[PDB]
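S.K.: To be precise about what I am sending: the file is called final03.txt and holds compact mmCIF, N, CA and C atoms.
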```
# COMPACT_ATOMS: atom_id res chain seq x y z
N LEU A 792 33.36 -26.61 44.48
CA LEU A 792 32.86 -25.49 45.27
C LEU A 792 33.16 -24.17 44.58
N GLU A 793 34.38 -24.02 44.09
CA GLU A 793 34.77 -22.80 43.38
C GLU A 793 33.90 -22.59 42.15
N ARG A 794 33.80 -23.61 41.30
CA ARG A 794 33.04 -23.51 40.07
C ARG A 794 31.56 -23.31 40.33
N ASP A 795 31.08 -23.62 41.54
CA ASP A 795 29.70 -23.32 41.88
C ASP A 795 29.41 -21.83 41.71
N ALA A 796 30.29 -20.98 42.23
CA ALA A 796 30.10 -19.54 42.09
C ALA A 796 30.23 -19.11 40.64
N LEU A 797 31.15 -19.72 39.89
CA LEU A 797 31.27 -19.40 38.48
C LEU A 797 29.97 -19.71 37.75
N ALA A 798 29.39 -20.87 38.03
CA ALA A 798 28.13 -21.24 37.41
C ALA A 798 27.02 -20.28 37.82
N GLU A 799 26.99 -19.89 39.10
CA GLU A 799 25.98 -18.94 39.55
C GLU A 799 26.09 -17.62 38.80
N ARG A 800 27.31 -17.09 38.72
CA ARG A 800 27.53 -15.84 38.00
C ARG A 800 27.17 -15.99 36.54
N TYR A 801 27.55 -17.10 35.92
CA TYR A 801 27.21 -17.31 34.52
C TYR A 801 25.71 -17.38 34.33
N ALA A 802 25.00 -18.03 35.26
CA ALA A 802 23.55 -18.10 35.17
C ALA A 802 22.94 -16.71 35.28
N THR A 803 23.46 -15.89 36.19
CA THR A 803 22.97 -14.53 36.29
C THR A 803 23.20 -13.78 34.99
N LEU A 804 24.38 -13.93 34.41
CA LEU A 804 24.69 -13.23 33.16
C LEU A 804 23.80 -13.72 32.03
N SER A 805 23.58 -15.03 31.94
CA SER A 805 22.72 -15.58 30.91
C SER A 805 21.29 -15.09 31.07
N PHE A 806 20.80 -15.07 32.31
CA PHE A 806 19.46 -14.56 32.55
C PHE A 806 19.36 -13.09 32.16
N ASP A 807 20.38 -12.31 32.49
CA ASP A 807 20.38 -10.91 32.09
C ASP A 807 20.33 -10.78 30.58
N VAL A 808 21.14 -11.57 29.89
CA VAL A 808 21.12 -11.55 28.43
C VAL A 808 19.73 -11.86 27.93
N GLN A 809 19.10 -12.87 28.52
CA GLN A 809 17.75 -13.25 28.12
C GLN A 809 16.76 -12.12 28.37
N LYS A 810 16.85 -11.49 29.53
CA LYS A 810 15.93 -10.40 29.85
C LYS A 810 16.11 -9.26 28.87
N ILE A 811 17.35 -8.92 28.56
CA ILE A 811 17.62 -7.83 27.63
C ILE A 811 17.08 -8.19 26.25
N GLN A 812 17.30 -9.43 25.82
CA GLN A 812 16.80 -9.86 24.52
C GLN A 812 15.28 -9.79 24.48
N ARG A 813 14.63 -10.23 25.56
CA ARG A 813 13.18 -10.19 25.64
C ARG A 813 12.68 -8.75 25.59
N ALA A 814 13.34 -7.86 26.32
CA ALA A 814 12.95 -6.46 26.30
C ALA A 814 13.13 -5.87 24.91
N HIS A 815 14.25 -6.18 24.26
CA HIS A 815 14.47 -5.70 22.90
C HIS A 815 13.40 -6.20 21.96
N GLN A 816 13.05 -7.48 22.06
CA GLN A 816 12.06 -8.03 21.16
C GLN A 816 10.70 -7.40 21.41
N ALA A 817 10.37 -7.19 22.68
CA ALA A 817 9.12 -6.52 23.01
C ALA A 817 9.09 -5.12 22.42
N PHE A 818 10.19 -4.39 22.53
CA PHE A 818 10.25 -3.04 21.98
C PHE A 818 10.15 -3.06 20.46
N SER A 819 10.82 -4.01 19.82
CA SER A 819 10.74 -4.11 18.37
C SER A 819 9.31 -4.37 17.92
N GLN A 820 8.66 -5.35 18.54
CA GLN A 820 7.26 -5.62 18.24
C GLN A 820 6.40 -4.40 18.50
N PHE A 821 6.55 -3.81 19.68
CA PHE A 821 5.86 -2.59 20.05
C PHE A 821 5.93 -1.57 18.93
N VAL A 822 7.14 -1.14 18.59
CA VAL A 822 7.31 -0.12 17.56
C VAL A 822 6.67 -0.58 16.26
N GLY A 823 6.77 -1.87 15.94
CA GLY A 823 6.11 -2.36 14.75
C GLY A 823 4.63 -2.08 14.75
N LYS A 824 3.98 -2.24 15.90
CA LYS A 824 2.55 -2.03 16.02
C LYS A 824 2.17 -0.65 16.55
N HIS A 825 3.13 0.10 17.08
CA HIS A 825 2.82 1.16 18.03
C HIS A 825 3.19 2.56 17.57
N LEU A 826 4.19 2.72 16.71
CA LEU A 826 4.69 4.05 16.39
C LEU A 826 3.61 4.97 15.84
N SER A 827 2.64 4.41 15.11
CA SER A 827 1.70 5.23 14.37
C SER A 827 1.01 6.26 15.26
N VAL A 828 0.76 5.91 16.52
CA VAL A 828 0.04 6.79 17.44
C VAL A 828 0.86 7.10 18.68
N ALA A 829 2.13 6.69 18.70
CA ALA A 829 2.96 6.91 19.87
C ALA A 829 3.06 8.40 20.19
N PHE A 830 2.99 8.72 21.48
CA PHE A 830 3.14 10.08 21.99
C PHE A 830 2.13 11.05 21.38
N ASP A 831 1.03 10.56 20.82
CA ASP A 831 0.03 11.45 20.27
C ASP A 831 -0.93 11.91 21.36
N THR A 832 -1.70 12.95 21.06
CA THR A 832 -2.51 13.62 22.06
C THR A 832 -3.62 12.71 22.59
N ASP A 833 -4.11 13.04 23.78
CA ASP A 833 -5.19 12.28 24.39
C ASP A 833 -6.52 12.65 23.75
N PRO A 834 -7.23 11.71 23.14
CA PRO A 834 -8.57 12.03 22.65
C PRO A 834 -9.58 12.23 23.76
N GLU A 835 -9.39 11.60 24.92
CA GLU A 835 -10.41 11.66 25.96
C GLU A 835 -10.67 13.09 26.42
N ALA A 836 -9.61 13.83 26.74
CA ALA A 836 -9.80 15.20 27.19
C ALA A 836 -10.49 16.01 26.12
N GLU A 837 -10.10 15.81 24.87
CA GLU A 837 -10.69 16.53 23.76
C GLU A 837 -12.17 16.22 23.64
N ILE A 838 -12.52 14.94 23.77
CA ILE A 838 -13.91 14.52 23.65
C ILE A 838 -14.73 15.08 24.80
N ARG A 839 -14.17 15.07 26.00
CA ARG A 839 -14.86 15.69 27.13
C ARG A 839 -15.10 17.16 26.86
N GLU A 840 -14.09 17.85 26.34
CA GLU A 840 -14.25 19.26 26.05
C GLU A 840 -15.33 19.48 25.00
N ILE B 594 -11.23 25.36 2.84
CA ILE B 594 -10.18 25.64 1.87
C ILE B 594 -8.95 26.15 2.60
N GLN B 595 -9.15 27.13 3.47
CA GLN B 595 -8.02 27.65 4.24
C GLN B 595 -7.31 26.50 4.94
N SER B 596 -8.06 25.69 5.68
CA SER B 596 -7.44 24.56 6.35
C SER B 596 -6.68 23.72 5.34
N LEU B 597 -7.36 23.32 4.27
CA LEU B 597 -6.71 22.49 3.26
C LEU B 597 -5.49 23.22 2.71
N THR B 598 -5.64 24.51 2.44
CA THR B 598 -4.52 25.28 1.91
C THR B 598 -3.36 25.25 2.88
N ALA B 599 -3.64 25.51 4.16
CA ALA B 599 -2.57 25.46 5.16
C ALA B 599 -1.92 24.10 5.16
N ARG B 600 -2.71 23.06 4.93
CA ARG B 600 -2.21 21.70 4.94
C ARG B 600 -1.76 21.24 3.56
N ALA B 601 -2.00 22.05 2.52
CA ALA B 601 -1.65 21.64 1.16
C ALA B 601 -0.16 21.39 1.00
N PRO B 602 0.72 22.39 1.13
CA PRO B 602 2.14 22.12 0.90
C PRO B 602 2.70 21.07 1.83
N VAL B 603 2.27 21.09 3.10
CA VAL B 603 2.79 20.12 4.06
C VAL B 603 2.57 18.71 3.55
N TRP B 604 1.32 18.40 3.18
CA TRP B 604 1.05 17.10 2.61
C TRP B 604 2.00 16.81 1.47
N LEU B 605 2.11 17.75 0.53
CA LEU B 605 3.00 17.53 -0.60
C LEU B 605 4.41 17.27 -0.11
N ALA B 606 4.91 18.13 0.78
CA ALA B 606 6.22 17.90 1.36
C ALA B 606 6.28 16.52 2.00
N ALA B 607 5.24 16.16 2.75
CA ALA B 607 5.20 14.84 3.36
C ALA B 607 5.40 13.76 2.31
N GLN B 608 4.71 13.88 1.18
CA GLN B 608 4.93 12.93 0.10
C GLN B 608 6.37 13.00 -0.39
N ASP B 609 6.83 14.22 -0.68
CA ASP B 609 8.09 14.39 -1.40
C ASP B 609 9.22 13.64 -0.71
N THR B 610 9.57 14.08 0.50
CA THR B 610 10.63 13.41 1.24
C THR B 610 10.30 11.93 1.43
N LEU B 611 9.03 11.62 1.71
CA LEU B 611 8.64 10.23 1.84
C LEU B 611 9.12 9.45 0.63
N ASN B 612 8.81 9.96 -0.56
CA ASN B 612 9.25 9.30 -1.78
C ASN B 612 10.75 9.08 -1.74
N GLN B 613 11.50 10.15 -1.47
CA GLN B 613 12.95 10.01 -1.35
C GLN B 613 13.28 8.92 -0.34
N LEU B 614 12.69 9.01 0.85
CA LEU B 614 12.92 7.97 1.84
C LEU B 614 12.46 6.62 1.32
N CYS B 615 11.28 6.58 0.70
CA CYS B 615 10.81 5.34 0.10
C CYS B 615 11.82 4.84 -0.92
N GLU B 616 12.46 5.75 -1.65
CA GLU B 616 13.48 5.35 -2.60
C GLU B 616 14.78 4.99 -1.91
N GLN B 617 15.07 5.64 -0.78
CA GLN B 617 16.29 5.31 -0.05
C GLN B 617 16.29 3.85 0.38
N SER B 618 15.11 3.29 0.63
CA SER B 618 14.98 1.88 0.96
C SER B 618 14.64 1.09 -0.29
N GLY B 619 15.26 -0.09 -0.43
CA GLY B 619 14.95 -0.95 -1.55
C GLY B 619 13.47 -1.29 -1.61
N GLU B 620 12.89 -1.65 -0.47
CA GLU B 620 11.46 -1.89 -0.41
C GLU B 620 10.70 -0.57 -0.50
N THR B 621 9.59 -0.60 -1.24
CA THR B 621 8.72 0.56 -1.36
C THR B 621 7.68 0.54 -0.25
N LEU B 622 7.52 1.67 0.43
CA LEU B 622 6.59 1.78 1.53
C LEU B 622 5.26 2.31 1.03
N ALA B 623 4.17 1.66 1.44
CA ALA B 623 2.84 2.00 0.96
C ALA B 623 1.85 2.36 2.05
N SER B 624 2.13 2.05 3.32
CA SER B 624 1.17 2.34 4.37
C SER B 624 1.91 2.64 5.67
N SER B 625 1.25 3.41 6.53
CA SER B 625 1.84 3.76 7.82
C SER B 625 2.18 2.52 8.63
N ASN B 626 1.26 1.55 8.69
CA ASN B 626 1.57 0.30 9.37
C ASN B 626 2.68 -0.45 8.64
N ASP B 627 2.65 -0.44 7.31
CA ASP B 627 3.77 -0.98 6.56
C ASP B 627 5.05 -0.24 6.89
N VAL B 628 4.96 1.07 7.10
CA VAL B 628 6.15 1.83 7.48
C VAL B 628 6.67 1.34 8.82
N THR B 629 5.77 1.16 9.79
CA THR B 629 6.19 0.68 11.10
C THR B 629 6.79 -0.72 11.00
N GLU B 630 6.22 -1.56 10.14
CA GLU B 630 6.74 -2.90 9.95
C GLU B 630 8.15 -2.85 9.38
N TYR B 631 8.35 -2.04 8.34
CA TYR B 631 9.69 -1.88 7.79
C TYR B 631 10.64 -1.33 8.84
N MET B 632 10.17 -0.39 9.65
CA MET B 632 11.03 0.19 10.68
C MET B 632 11.46 -0.87 11.69
N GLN B 633 10.52 -1.67 12.19
CA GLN B 633 10.91 -2.69 13.16
C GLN B 633 11.78 -3.75 12.50
N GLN B 634 11.54 -4.05 11.23
CA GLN B 634 12.45 -4.91 10.48
C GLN B 634 13.84 -4.32 10.47
N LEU B 635 13.93 -3.02 10.22
CA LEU B 635 15.22 -2.34 10.22
C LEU B 635 15.87 -2.40 11.59
N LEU B 636 15.07 -2.26 12.64
CA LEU B 636 15.59 -2.41 14.00
C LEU B 636 16.16 -3.80 14.21
N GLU B 637 15.44 -4.82 13.77
CA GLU B 637 15.91 -6.18 13.96
C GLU B 637 17.17 -6.43 13.15
N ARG B 638 17.20 -5.95 11.91
CA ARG B 638 18.40 -6.06 11.09
C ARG B 638 19.57 -5.34 11.73
N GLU B 639 19.32 -4.15 12.30
CA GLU B 639 20.37 -3.42 12.99
C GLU B 639 20.88 -4.20 14.19
N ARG B 640 19.95 -4.76 14.97
CA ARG B 640 20.34 -5.54 16.13
C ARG B 640 21.16 -6.75 15.72
N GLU B 641 20.75 -7.44 14.66
CA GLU B 641 21.51 -8.59 14.21
C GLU B 641 22.87 -8.17 13.67
N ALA B 642 22.92 -7.07 12.93
CA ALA B 642 24.19 -6.59 12.39
C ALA B 642 25.16 -6.24 13.51
N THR B 643 24.67 -5.55 14.55
CA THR B 643 25.54 -5.25 15.68
C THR B 643 25.92 -6.51 16.43
```
What would the structure in this file look like if it were written as structure tokens?

M.R.:
Amino acid sequence: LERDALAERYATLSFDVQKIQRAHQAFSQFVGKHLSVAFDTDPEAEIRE
Amino acid sequence: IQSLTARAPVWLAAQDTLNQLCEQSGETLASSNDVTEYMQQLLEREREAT
């Protein structure tokens, strides 16, 4: 019964680690594909103008 | 010409430091997408090192 809570907490921690790793990998991939135009101006407003 | 002139030194400066930065890295950078690839590689190497 005691170790049940330990396992639950460990599972939460492992899931958190996984989520953080997934977010990091997504960001790494993102920047790999994404920095070139990141935070650049909107063409749509310019084209409308 | 004016536009180009205004942009002339900047481009050169862009190259200059780039070269230094390109030299700062063992790999030579040749394209903006290649630059982003090297950057994300550097991020992954940093993450693994930490």

S.K.: So how far away is atom N of residue 819 of chain A from atom C of residue 833 of chain A, in Å?

M.R.: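 The value is 24.4 Å.
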
S.K.: May I ask you to extract the residues of chain A within 7 Å of chain B, using only C-alpha atoms, and to give them as a ChimeraX atom specification?

M.R.: /A:819-820,822-824,826-827

S.K.: I need the residues in chain A that are alpha helix (DSSP H) according to DSSP; give them as a PyMOL selection string.

M.R.: chain A and resi 793-825+834-839

S.K.: What is the distance between atom CA of residue 838 of chain A and atom C of residue 600 of chain B, in Å to one decimal?

M.R.: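 Going from atom CA of residue 838 of chain A over to atom C of residue 600 of chain B covers 24.4 Å.
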
S.K.: So how many Å separate atom CA of residue 815 of chain A and atom CA of residue 639 of chain B, to one decimal?

M.R.: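 Atom-to-atom, atom CA of residue 815 of chain A to atom CA of residue 639 of chain B, that is 11.8 Å.
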
S.K.: Output segment 811-833 of chain A with N, CA, C and O atoms present, as an mmCIF file, in the coordinates of the input.

M.R.:
```cif
data_model
loop_
_atom_site.group_PDB
_atom_site.id
_atom_site.type_symbol
_atom_site.label_atom_id
_atom_site.label_comp_id
_atom_site.auth_asym_id
_atom_site.auth_seq_id
_atom_site.Cartn_x
_atom_site.Cartn_y
_atom_site.Cartn_z
ATOM 1 N N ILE A 811 17.350 -8.920 28.560
ATOM 2 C CA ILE A 811 17.620 -7.830 27.630
ATOM 3 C C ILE A 811 17.080 -8.190 26.250
ATOM 4 O O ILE A 811 16.493 -7.347 25.562
ATOM 5 N N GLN A 812 17.300 -9.430 25.820
ATOM 6 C CA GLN A 812 16.800 -9.860 24.520
ATOM 7 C C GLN A 812 15.280 -9.790 24.480
ATOM 8 O O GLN A 812 14.694 -9.352 23.489
ATOM 9 N N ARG A 813 14.630 -10.230 25.560
ATOM 10 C CA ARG A 813 13.180 -10.190 25.640
ATOM 11 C C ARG A 813 12.680 -8.750 25.590
ATOM 12 O O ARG A 813 11.709 -8.452 24.891
ATOM 13 N N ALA A 814 13.340 -7.860 26.320
ATOM 14 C CA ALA A 814 12.950 -6.460 26.300
ATOM 15 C C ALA A 814 13.130 -5.870 24.910
ATOM 16 O O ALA A 814 12.261 -5.135 24.416
ATOM 17 N N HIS A 815 14.250 -6.180 24.260
ATOM 18 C CA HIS A 815 14.470 -5.700 22.900
ATOM 19 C C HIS A 815 13.400 -6.200 21.960
ATOM 20 O O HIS A 815 12.903 -5.452 21.115
ATOM 21 N N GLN A 816 13.050 -7.480 22.060
ATOM 22 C CA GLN A 816 12.060 -8.030 21.160
ATOM 23 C C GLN A 816 10.700 -7.400 21.410
ATOM 24 O O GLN A 816 9.956 -7.109 20.467
ATOM 25 N N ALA A 817 10.370 -7.190 22.680
ATOM 26 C CA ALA A 817 9.120 -6.520 23.010
ATOM 27 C C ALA A 817 9.090 -5.120 22.420
ATOM 28 O O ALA A 817 8.078 -4.705 21.849
ATOM 29 N N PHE A 818 10.190 -4.390 22.530
ATOM 30 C CA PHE A 818 10.250 -3.040 21.980
ATOM 31 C C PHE A 818 10.150 -3.060 20.460
ATOM 32 O O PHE A 818 9.480 -2.208 19.873
ATOM 33 N N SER A 819 10.820 -4.010 19.820
ATOM 34 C CA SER A 819 10.740 -4.110 18.370
ATOM 35 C C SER A 819 9.310 -4.370 17.920
ATOM 36 O O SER A 819 8.783 -3.688 17.034
ATOM 37 N N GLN A 820 8.660 -5.350 18.540
ATOM 38 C CA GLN A 820 7.260 -5.620 18.240
ATOM 39 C C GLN A 820 6.400 -4.400 18.500
ATOM 40 O O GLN A 820 5.592 -3.986 17.653
ATOM 41 N N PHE A 821 6.550 -3.810 19.680
ATOM 42 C CA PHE A 821 5.860 -2.590 20.050
ATOM 43 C C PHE A 821 5.930 -1.570 18.930
ATOM 44 O O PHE A 821 4.918 -1.228 18.306
ATOM 45 N N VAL A 822 7.140 -1.140 18.590
ATOM 46 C CA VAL A 822 7.310 -0.120 17.560
ATOM 47 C C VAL A 822 6.670 -0.580 16.260
ATOM 48 O O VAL A 822 6.053 0.224 15.544
ATOM 49 N N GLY A 823 6.770 -1.870 15.940
ATOM 50 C CA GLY A 823 6.110 -2.360 14.750
ATOM 51 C C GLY A 823 4.630 -2.080 14.750
ATOM 52 O O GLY A 823 4.052 -1.702 13.725
ATOM 53 N N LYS A 824 3.980 -2.240 15.900
ATOM 54 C CA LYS A 824 2.550 -2.030 16.020
ATOM 55 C C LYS A 824 2.170 -0.650 16.550
ATOM 56 O O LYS A 824 1.008 -0.261 16.445
ATOM 57 N N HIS A 825 3.130 0.100 17.080
ATOM 58 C CA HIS A 825 2.820 1.160 18.030
ATOM 59 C C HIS A 825 3.190 2.560 17.570
ATOM 60 O O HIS A 825 2.551 3.517 18.016
ATOM 61 N N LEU A 826 4.190 2.720 16.710
ATOM 62 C CA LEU A 826 4.690 4.050 16.390
ATOM 63 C C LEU A 826 3.610 4.970 15.840
ATOM 64 O O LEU A 826 3.648 6.181 16.063
ATOM 65 N N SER A 827 2.640 4.410 15.110
ATOM 66 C CA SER A 827 1.700 5.230 14.370
ATOM 67 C C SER A 827 1.010 6.260 15.260
ATOM 68 O O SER A 827 0.703 7.365 14.810
ATOM 69 N N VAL A 828 0.760 5.910 16.520
ATOM 70 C CA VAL A 828 0.040 6.790 17.440
ATOM 71 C C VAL A 828 0.860 7.100 18.680
ATOM 72 O O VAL A 828 0.358 7.726 19.616
ATOM 73 N N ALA A 829 2.130 6.690 18.700
ATOM 74 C CA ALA A 829 2.960 6.910 19.870
ATOM 75 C C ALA A 829 3.060 8.400 20.190
ATOM 76 O O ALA A 829 3.172 9.240 19.293
ATOM 77 N N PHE A 830 2.990 8.720 21.480
ATOM 78 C CA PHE A 830 3.140 10.080 21.990
ATOM 79 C C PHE A 830 2.130 11.050 21.380
ATOM 80 O O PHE A 830 2.360 12.269 21.406
ATOM 81 N N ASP A 831 1.030 10.560 20.820
ATOM 82 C CA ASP A 831 0.030 11.450 20.270
ATOM 83 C C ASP A 831 -0.930 11.910 21.360
ATOM 84 O O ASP A 831 -1.004 11.333 22.453
ATOM 85 N N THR A 832 -1.700 12.950 21.060
ATOM 86 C CA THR A 832 -2.510 13.620 22.060
ATOM 87 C C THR A 832 -3.620 12.710 22.590
ATOM 88 O O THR A 832 -4.019 11.735 21.952
ATOM 89 N N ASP A 833 -4.110 13.040 23.780
ATOM 90 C CA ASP A 833 -5.190 12.280 24.390
ATOM 91 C C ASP A 833 -6.520 12.650 23.750
ATOM 92 O O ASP A 833 -6.929 13.816 23.838
#
```
